[PDB]
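One-letter residues, chain by chain:
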Amino acid sequence: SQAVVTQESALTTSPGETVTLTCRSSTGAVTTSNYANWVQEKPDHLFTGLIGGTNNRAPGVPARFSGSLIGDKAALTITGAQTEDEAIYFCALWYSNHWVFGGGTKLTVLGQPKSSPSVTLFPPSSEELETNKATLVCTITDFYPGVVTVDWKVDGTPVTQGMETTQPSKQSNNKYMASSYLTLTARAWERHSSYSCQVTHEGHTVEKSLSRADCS
Amino acid sequence: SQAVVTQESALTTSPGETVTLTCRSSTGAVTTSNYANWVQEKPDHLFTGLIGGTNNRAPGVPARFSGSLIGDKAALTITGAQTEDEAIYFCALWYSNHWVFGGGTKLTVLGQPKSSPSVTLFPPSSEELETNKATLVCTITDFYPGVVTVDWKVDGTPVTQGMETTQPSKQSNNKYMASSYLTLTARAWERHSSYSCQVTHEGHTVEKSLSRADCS
Amino acid sequence: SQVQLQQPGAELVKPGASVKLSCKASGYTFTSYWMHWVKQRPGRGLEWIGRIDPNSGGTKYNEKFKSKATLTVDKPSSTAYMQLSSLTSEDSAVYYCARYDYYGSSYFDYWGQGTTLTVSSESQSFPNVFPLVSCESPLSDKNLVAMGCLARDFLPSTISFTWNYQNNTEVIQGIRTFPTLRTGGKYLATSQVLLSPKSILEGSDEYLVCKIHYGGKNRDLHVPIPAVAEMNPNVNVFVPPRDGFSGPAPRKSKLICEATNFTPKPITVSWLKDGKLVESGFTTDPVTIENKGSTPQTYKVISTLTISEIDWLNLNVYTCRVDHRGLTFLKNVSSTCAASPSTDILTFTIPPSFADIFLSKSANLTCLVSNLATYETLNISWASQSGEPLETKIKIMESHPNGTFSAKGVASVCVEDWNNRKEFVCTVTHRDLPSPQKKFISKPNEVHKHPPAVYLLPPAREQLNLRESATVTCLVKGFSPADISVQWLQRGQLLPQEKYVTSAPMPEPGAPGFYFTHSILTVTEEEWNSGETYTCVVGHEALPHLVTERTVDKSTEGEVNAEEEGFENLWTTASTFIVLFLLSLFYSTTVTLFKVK
Amino acid sequence: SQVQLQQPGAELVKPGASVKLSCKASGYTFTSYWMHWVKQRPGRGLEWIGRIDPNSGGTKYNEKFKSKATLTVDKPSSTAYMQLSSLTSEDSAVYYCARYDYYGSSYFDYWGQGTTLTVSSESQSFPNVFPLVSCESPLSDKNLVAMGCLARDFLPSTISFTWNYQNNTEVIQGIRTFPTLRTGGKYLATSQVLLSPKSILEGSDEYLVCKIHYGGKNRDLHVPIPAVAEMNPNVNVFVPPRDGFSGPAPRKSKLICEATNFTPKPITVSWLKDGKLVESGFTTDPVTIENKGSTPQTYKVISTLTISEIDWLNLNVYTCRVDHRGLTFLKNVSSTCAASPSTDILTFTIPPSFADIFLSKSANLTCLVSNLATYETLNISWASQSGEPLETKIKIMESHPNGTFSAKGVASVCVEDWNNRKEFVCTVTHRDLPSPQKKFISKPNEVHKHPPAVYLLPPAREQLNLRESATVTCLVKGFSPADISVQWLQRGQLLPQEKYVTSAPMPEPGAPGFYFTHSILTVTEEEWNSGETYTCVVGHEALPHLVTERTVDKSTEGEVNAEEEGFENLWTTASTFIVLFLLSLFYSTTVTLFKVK
Amino acid sequence: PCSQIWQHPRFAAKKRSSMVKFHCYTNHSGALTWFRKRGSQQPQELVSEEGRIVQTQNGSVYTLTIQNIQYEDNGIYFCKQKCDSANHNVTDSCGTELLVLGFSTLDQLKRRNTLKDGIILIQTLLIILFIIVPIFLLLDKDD
Amino acid sequence: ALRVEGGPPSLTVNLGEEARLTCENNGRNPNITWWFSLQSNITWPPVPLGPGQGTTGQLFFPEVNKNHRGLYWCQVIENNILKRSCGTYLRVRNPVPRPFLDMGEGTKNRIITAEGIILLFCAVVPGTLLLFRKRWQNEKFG
């Protein structure tokens, strides 16, 4: 059995407190031999190495980042929560003379208040139905916390064939953007006439329904 | 002065007689030291060496080909005139320790009777006149004897600017094909309205005239 | 000098082939650091392939990727390659490289920017574009339009989206690019642009173009922009002429319901032949452009229906049904195919009859116009010489067999005005008449007057002998005005005009200017047999009291004499005289015998 | 097959470097034969560069090409090669290599296929194709359409021409690749295809596709097909309806001149308003496509003219002048130009009269036809319902003042058949009659036919009381035929119409279809004293004796009544008895006097 | 309040034993009494007789009909009514003055009158003669 | 609240002789009118005549004609109070103009009977005279 590093899922903070990221091993304890490293994964594909080597520093790293070894876990004490710290970190150690990584933890920094999400369903045109294909796009914008995806409920019955959800991305104006796709057939478009996009953002149910006769 | 081998221009024969090709030198006489050679130039770019070395033979050469030295000229006695012998031959000898060639002689084997030539003039379209260019093509097909000449006469006055003639080629059905090109300007097309292609095949004058208003 | 790295972008490597990447590093001493390779999947975590020390050496690889490890590191080139052989289906990931300072704090410095590497057995296909326009119509200025071009399939996740207007201008405020999504085959991404109706209706940009820089080949995609409606169509239905019938026999089948005010191109045009919808037999012309350069966007569509001549003369009213945003516009025409060249110039004024004059005590003037080809411009107005306005009754008679029409104007005026020979003017302005026509009606000049002499003749005995029926006739003779009304009464009850006839007045022989007439009251023999009293009344202007009456019955000896004769005294004298004759004769005989003795 | 000399195809080396070719040889011992090079220029003969002996040595060169080694044929797989140095403008030729057997008979055996090498000082461009379609319309099935694509500006690299249809099918036989020709540093060639019209109109292929093989890239090309030369155009002009001049409709009504079925593209459509040419006020719509399909078809053009309402009521005639190759079509709309009936040739049937039947004992059937323009081609004959021909007599009167002639048809047949109601038809045909005018006739509806019942009526005593005049009236009633002739007789002489008058026949109430008449003979008072003979006679068709007459004359016809004359006879006998008594008294008195005297 | 009686052709020149229809149209309902007047004598009550005086009541209308009319029926006919309105306000009709016509054909009367004039002239002559006869005869008789 | 004398129900007048009507009423001086009509209900409305003359409201026809037969009823208005009369009836008869022979049927027939009686008696008495004479002359001769 190899080394399996299990980190956290999602952590929330606020500008004014102190967030501490822990990393628990599986094979044994984390002492001064495991060179603890923390690599920040920025959304623009620009990695930056912050605390690399427990007590070892690095040029360009602010003084608000510090790394300690509380018992047997690598603690990352961050005094503050700025707008440029909301990213994904990793826990790199040393086992079997090689580097061991794992699933990163997405840190969420709740700063600006929430707003109202924009729901807009794009029905397929006539050029796509010629190839016996159909795809509906429901773009979801204006939202800091990406909410769970919802089933494309057609005629009051959710479907499972072709139900995927893309990963949120960091856009401009300190916001995020996402969308959804529903690959269907052209034979079901002429029979059905009820397509909605139910979006649940912290209890707020925003649904924009439409009909077939409303287009043409 | 180097060795200039002067051969013949065009020779005609018929299946049933005997054609003899001669080769006269210029520096001196042709004895047994000049290794007389005869290379056949087939239209499909497939050379074949027939009689190579006066009395010397070659595998694959029929017995109807023979080479003698009558006086001081290399005579090539060919007993017969098949359909595969109509090509161009050469006279290769030996002077100054190197091979000396020259202009080949095109042999014509009159076998099948003549027919009626097809004259079709192709006027330029509107896509060519946009670049201030004009080119007329008069394809000449259905003829054993190569087209003699393509005389272009516009408004009863022949022109000399841009008057060329391509070389005939051996196509299928034991026939030949040729064409002509007349590069003109777009300013002269709107003023002139008389373009013909006069073809004279052994006295038969075939002219296909056309007008400008007949197109559009 | 800032330390920067150079890594390849999108690389299409077949799985039957190996992938060779690179890692260019500059700006520092390349002969003093190590080199690592971090593998990041799209959905998993970070990995570690292996390391290699360029100066000297002595390194190992991971336990999972012990083979397939290539790290040709060229000291002078300062670039670390990485050849991966035997590519499977789980090698589609993004690799990176950084700098490891072993002789300084053991940490990381700068990193890469991205290396797209998708190992797929498929080949390179052309990405197809699909416009996606929402069906939400802008109701006000707050509603925005959201459109976008969908990219169905693309190997290199790196794809841009450019939006140019009617002209070559790039949108600055519209920078939206959604990441790709692996849906089994190739990828699927889109890009939406949020605009405003204030910058669309005020410009000439009728459609946008979303282009894709896929290897330098840009594809144009005309994305239309929806508009609004609120416009009524102009339905114009034309009729075939009377001489257009192609062919010697009346044959023709062409019409043009023209309708151009239709903003939505899909317009439903149908034909209803007497309520029945026409299934087939009509041609619909394609939608073209009516006007160009103007501000509103208008089109033009003309529908042609092929019918026959026999179905047109049967009074078949067609209807060009035009559907525009649910509204149904109907139009009914007149399938009449009769020319109207018949129109003369002669209009007459008729005084009212005596019967109506006495019945209503109000005369009715008449403005009789005839030979009218058309009646849509007909207007009859009545007035007096002084110009006093008056109401005019307008009624149209049945059309004459030749095709000509007629009309009369009725105006109610007092009889005293007619007695005072008052003049009245009827003004008619018709399209067939070159000029308005002015005419006057008044009482005729003074003429000799004579009241009628009524005479009631009883049926002849010979007529009664056939015991079939009786015709009671009253002769009315000697009246100058022809306006005379003669009626008959039964027991004082009016008799219908279907039971008797009255000959029109005919000039009196032997006396010019005087008129006479008859009236025959045909009565069944049973009715006349009951001693009925039959009378005829004669209403006439010249009469001193405007009406008289004459009587006759079975008596036929209805002389008026009160009581003169027939008394019993006549019988008394007859008897006393018989006695007187007897006594006188007896006395004479006795005288003779006494002469004898 | 068998091993063959492999030579490179075509190369492109800029003037300044060195071109490297190859002469691959396999199938024999390479270390036992020599190698030569033959330079053939397009337009000249053969040349000789040099040779090389792989066995012993001695690389000899030519006196003209001495400084150029080329040669250097020393590589693995006995690969024979060459390298030309200092490329000029006269080195554009084709080289070949063969095998020389020095130890045999010094002859030739195997050769190559060709190596295109043209030294050009230009870069790499893109060949542009141009379609060439002859201007010969297929008049029949013998005329074959000759179409081809022309390639210009293409560097020598062994190109080809393929002809693919819509279903992606390559032509088996028909592709003719003409050799290239150089002009001024540039080449060019065409490729025509010979097909037939029977395999073009019967298929869905509307255009040919001519591609090229220039570096592995393809390019499509559209080829058009001409149409027919010139057909016959049609002119169809419609008129607006009556309800076209409504209100909200813009420009009131419009005029549309549909002129379809027209091949030539230039067409001049103008409007003439009462002879004057309209300058502006019309919108000429662009010519579109009428029906889809193949190419030899027609188009469609729609005209539009803006008119008004005031000018429409002025009886204006429009004309849609369509200048089609000089031909002008004048169409007078809003006019009864054609399809307008007129007087025609009126055929009338006259039933025979009874007068000549009574006198001549025969009946004449008359077929009177008027309004005849000409008579030299007229054919009029009598016939029957069963097709039996009749003897027809032709009689022609003098010319009518209106310019029309007339004709008649006279036939004589037994009266009894006419009394049996046999249908006889008169056949009328003429050069001006599109169809014959066959009038079907028989006996007009016979009716009850009752004879008159004359009832002479005496004058009224009230009228006689005036002592001025009396009217004698004889009512004639109860006859079916309209015709009737009442005459009055005085002492056996006919009374002229100057003294008496009679009423026209009128229907009698109580019996539809039954007629009656009347009469009145004014007489003076002394005429009525004299007791003249007043009698009126009646002539009628239904009278069994053909004449009837009633007699009420003198001064009194008598009248019986009730016991009203009883006391009249009582008074008469009383007067008689007073007379007798007076006589007896006188006799007694005279006797007494005579006895006394 | 009881004076709305109607009547019919008043003069009614008729031949002996002829037929006309009388009625008593009124806008009231009460006791009725037919009356007959001749000349200047007092009103008298009429007595019903079948086939000579027909009396049918058509509701508010009292139809009457007189057959076998003779000269004694010449006069004035009207129908009375009783108005017991606490004031004895008795109202009546207006009248119908019937006349009987002599039939001398308006012409024989002249002949008869001329004849009687002849006879009474004959009276004058004969009476003078028969008054002069007795005295002139007794003068001769007595002599 | 008022009444009016009906007048004669009928009237007779010679042709060419004046005929005067009458309307007697209890009023002081009320509005008077003459409404001519015919015997039966004829579709024509009643024909109003002139206004009459005098306080009574008497008509006047200086030369009446045969056409003047019919009813002549007078209309009285007394302070917005209406009341209808009964109506006279004009008619001509042209009586006998021969008064020589002792006018009166009964008169002439009675003197005719007296003619018979007196003539018979005054003829009989001469017979008695004659027989007396004959007897006396016969006595004289003897």
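Residues numbered from 1 in each chain as written, not as in the entry; some residues may be left out. Chains lettered and ligands numbered in written order. Heavy atoms only, no water.

- Per the deposited record, the coordinates in this entry were obtained by cryo-EM to a resolution of 8.2 Å.

## Comments concerning the overall build of chain E
Then, in step 1: Of the regular secondary structure elements, chain E holds one helix and eight strands.
Then, in step 2: Secondary structure of chain E in N-to-C order comes out as β-β-β-β-β-β-β-β-α.
Then, in step 3: Its C-alpha radius of gyration of 27 Å places chain E more than 25% over the 15 Å reference for a compact globule of 143 residues.
Then, in step 4: Viewed in the frame of its principal axes, chain E has a C-alpha envelope of about 90 × 35 × 25 Å.
Then, in step 5: When each of the 143 residues of chain E is scored for burial, the buried share is 38%.
Then, in step 6: Taking the contacts inside chain E whose residues are at least 6 apart along the sequence as the reference set, 60% of them involve residues at least 24 apart.
Then, in step 7: Only carbon and sulfur atoms are counted for the fraction: they give 54% of the accessible area of chain E, which is about 8500 Å².
Then, in step 8: Computing the positive centroid from 16 side-chain charges and the negative centroid from 13, chain E places the two 9 Å apart. (Helix = DSSP H or I, 4+ residues; strand = E, 2+ residues; numbered from the N terminus. Rg over C-alpha atoms; globule rule 2.2 N^0.38 Å. Buried < 20%, exposed > 50% of the residue type's maximum accessible area, 1.4 Å probe, protein only. Contact = heavy atoms within 4.5 Å. Areas by Shrake-Rupley, 256 points an atom, 1.4 Å probe, with all protein chains shown as cover. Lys, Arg positive; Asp, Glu negative; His and termini not counted. Charge placed at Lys NZ, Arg CZ, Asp CG, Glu CD.)

## Observations concerning the UniProt feature "transmembrane region" in chain E
Then, in step 1: When the UniProt feature table is mapped onto this chain numbering, "transmembrane region" sits at residues 118-139 of chain E.
Then, in step 2: Along residues 118-139 of chain E the backbone is 100% helical and 0% strand, and the end-to-end C-alpha distance reaches 32 Å. (UniProt positions renumbered as here; feature names shortened; annotations may be inferred.)

## Section: the interface of chain F and chain C
Then, in step 1: Taken residue by residue, the interface counts 33 residues in chain F and 35 residues in chain C.
Then, in step 2: Buried area between chain F and chain C, summed over both chains or domains, comes out near 3000 Å², and the portion from carbon and sulfur atoms is 60%.
Then, in step 3: Three residues, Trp44(F), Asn67(F) and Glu105(F), lead the burial of chain F against chain C; their summed loss comes to 25% of the area buried on that side.
Then, in step 4: If you look at where chain F meets chain C, you find two salt bridges.
Then, in step 5: With its nearest N and O atoms 3.7 Å apart, the salt bridge here joins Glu549(C) to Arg69(F). (Buried area = accessible area lost by both parts, 1.4 Å probe. Salt bridge = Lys/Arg side-chain N within 4 Å of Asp/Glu carboxyl O.)

## A short note on a nonpolar patch on the surface
Then, in step 1: A cluster of nonpolar side chains, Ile128(E), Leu129(E), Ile132(E), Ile135(E), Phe136(E) and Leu138(E), forms an exposed patch at the surface whose accessible area comes to about 520 Å².
Then, in step 2: Following the sequence through the fold, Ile128(E) ends up in helix α1 (residues 108-142). (Patch = residues over 30% accessible without salt bridge, like charges linked within 9 Å, V, L, I, M, F, W, Y side chains within 5 Å.)

## Comments concerning the interface of chain C and chain D
Then, in step 1: Facing the 61 residues of chain C at the interface are 68 residues of chain D.
Then, in step 2: Summing both partners gives a buried area of about 5500 Å² for chain C against chain D, and 65% of it is carried by carbon and sulfur.
Then, in step 3: Put simply, chain C and chain D have six salt bridges between them.
Then, in step 4: Note that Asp243(D) and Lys331(C) form a salt bridge whose closest N and O atoms lie 3.1 Å from each other.
Then, in step 5: Across the chain C-chain D interface, the total number found is nine residue pairs in polar contact.
Then, in step 6: Counting only elements with at least two residues in the side of chain C that touches chain D, the list comes to β21 (299-305), β32 (453-457), α3 (461-465), β33 (469-479), β36 (500-502), β39 (519-524) and α5 (568-596) of chain C.
Then, in step 7: Looking at side-chain class alone, the side of chain C that touches chain D contains 28 nonpolar, 15 polar and 18 charged residues. (Polar contact = N/O pair within 3.5 Å; in protein donor to acceptor, adjacent residues only side chain to side chain. Nonpolar A, V, L, I, M, F, W, Y, C, P; charged D, E, K, R; others polar.)

## So, the nonpolar core
Then, in step 1: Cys320(C) and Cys320(D) are the most contacted members of the largest nonpolar core, which has 31 residues in total.
Then, in step 2: Apart from residues lying up to four places away in sequence, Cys320(C) is in contact with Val235(C), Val237(C), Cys257(C), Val269(C), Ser270(C), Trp271(C), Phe329(C) and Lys331(C).
Then, in step 3: Grouped together as the second largest cluster of nonpolar side chains are 28 residues, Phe154(D), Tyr165(D), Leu208(D) and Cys210(D) included. (Core = buried A, V, L, I, M, F, W, Y, C linked by side-chain atoms within 4.5 Å.)

## Details of the domain arrangement of chain F
Then, in step 1: By the assigned domains, chain F splits into domain 1 (1-95) and domain 2 (99-142).
Then, in step 2: Just the C-alpha atoms count here: the centres of domain 1 of chain F and domain 2 of chain F sit 57 Å apart. (Domains from an automatic or database assignment.)

## A look at the UniProt feature "disulfide bond" in chain E
Residues and elements named next belong to chain E.
Then, in step 1: In these coordinates the annotated UniProt disulfide of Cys2 and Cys83 is reproduced, with an SG-SG gap of 2.0 Å that lies under 2.5 Å. Placement of the pair is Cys2 in the segment before β1 (13-14) and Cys83 in the loop between β7 (75-81) and β8 (97-100), with a sequence separation of 81 residues.
Then, in step 2: Take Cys2: its relative accessible area is 9%, and that puts it in the buried class.
Then, in step 3: For the UniProt disulfide linking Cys24 with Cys79, the SG atoms sit 2.0 Å apart, under 2.5 Å and consistent with a formed bond. Here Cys79 lies in strand β7 and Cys24 lies in the loop between β2 (21-22) and β3 (32-37), a separation of 55 residues in the sequence. For the pair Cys24 and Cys79, a shared accessibility class is recorded, and that class is buried. (Disulfide = S-S within 2.5 Å.)

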